[PDB]
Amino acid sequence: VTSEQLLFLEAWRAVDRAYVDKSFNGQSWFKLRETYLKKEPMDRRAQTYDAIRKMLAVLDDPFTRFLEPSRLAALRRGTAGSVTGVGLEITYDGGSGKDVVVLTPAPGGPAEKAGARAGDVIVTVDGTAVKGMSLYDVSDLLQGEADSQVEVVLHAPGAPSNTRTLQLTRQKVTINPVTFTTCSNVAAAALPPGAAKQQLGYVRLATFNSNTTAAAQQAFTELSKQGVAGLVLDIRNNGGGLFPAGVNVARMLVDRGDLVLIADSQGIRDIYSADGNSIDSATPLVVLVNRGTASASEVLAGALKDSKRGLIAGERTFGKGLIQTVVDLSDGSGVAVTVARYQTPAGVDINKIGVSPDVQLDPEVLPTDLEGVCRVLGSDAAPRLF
């Protein structure tokens, strides 16, 4: 058994131990290992990496991927300094043809400013066809030094002929996780039943990151103090992000009860529940979501819905409910492995199914800027949120 073979075995073991489906897509995992050791060339590092990728592929899970040393390091630094993108979060088509699509455009980032919307399908990046490539590889094509440009060709969902070519300039993108306001003189259409004041509290939660919790706490607190008639939590176009901040937010609204189950082929592995630290669990709440709402955001929405704490309004969410971990290998390379999936308190998978609105509404009727929101909600054309 060679050094190259041991390295391969490290990758095989990472999956053997942690993979979400212990039936391995119907493959005999140990048998594969023995077969590859015997039939696959692993004379140089490069061959070993290819053999690892080949093995991962049999799982038919495009999120389970191998990362070479430099890539893993870069993944780690992420979009921090010197490394910039164009304000796109990407993922694979929801019916996955290996089509890469825009999960969500970052608010005010380059791609959004150039008209890109959640659900658009990415055809090429700098001429390269992205269908079926690793998302880690695709991001690499999308990223680069600030002020540099990249060409992205996109089409409308289910309209391959409806394309556009954008020349985007890479720039740092800064999403402010939370903004909020009180809307006064709200239209009757937009109020919850039995409202005693025509005022609504609006909270735009654009991303879950390190700053989300502290900012959301301040918003709910203030709003509660104002005695608003209803709360409008806006998580449209929020790709998820920091799972714990989504849990923290859920905990601000619900006093008791399960929030999310973590499951895999074995059954439920972990649960997160309310911790009695609510800020506001009584004001009527409506949560706005759309096809750009994904992952931690969907989890939030699903806990609010199942618990009956809030109504979901808008359009069905993405259905991005898998969880991956990156397992480091001895040579600095790594494997991103799907280890689990999110389920609602009711035990339904978020994956694929997403979270459906109780109130179907055109997801573009309401703006996301504080001024515009109050304007529309005070209008004769206010959405019937509740």
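The numbering used is simple: start at 1 and walk along the sequence shown.
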item: Stretch with the greater mean C-alpha B-factor as recorded in the entry, comparing 248-256 against 286-294; value: 248-256
item: Greater mean Cα temperature factor according to the PDB record, 80-88 or 236-244; value: 80-88
item: Which of 191, 153, 173, 268 ranks first by CA B-factor in the deposited coordinates; value: 173
item: Residue with highest C-alpha B-factor in the PDB entry, from 360, 28, 343, 338; value: 28
item: Chain third (lowest, middle, highest) by recorded CA B-factor, residue given as residue 351; value: lowest
item: Lowest, middle or highest third - CA B-factor, residue 299; value: lowest
item: Where the record places residue 201 (Cα B-factor, split into thirds across the chain); value: middle
item: Residue 109 by Cα B-factor - lowest, middle or highest third of the modelled chain; value: lowest
item: Within-chain third of residue 10 by Cα B-factor, per the entry; value: middle
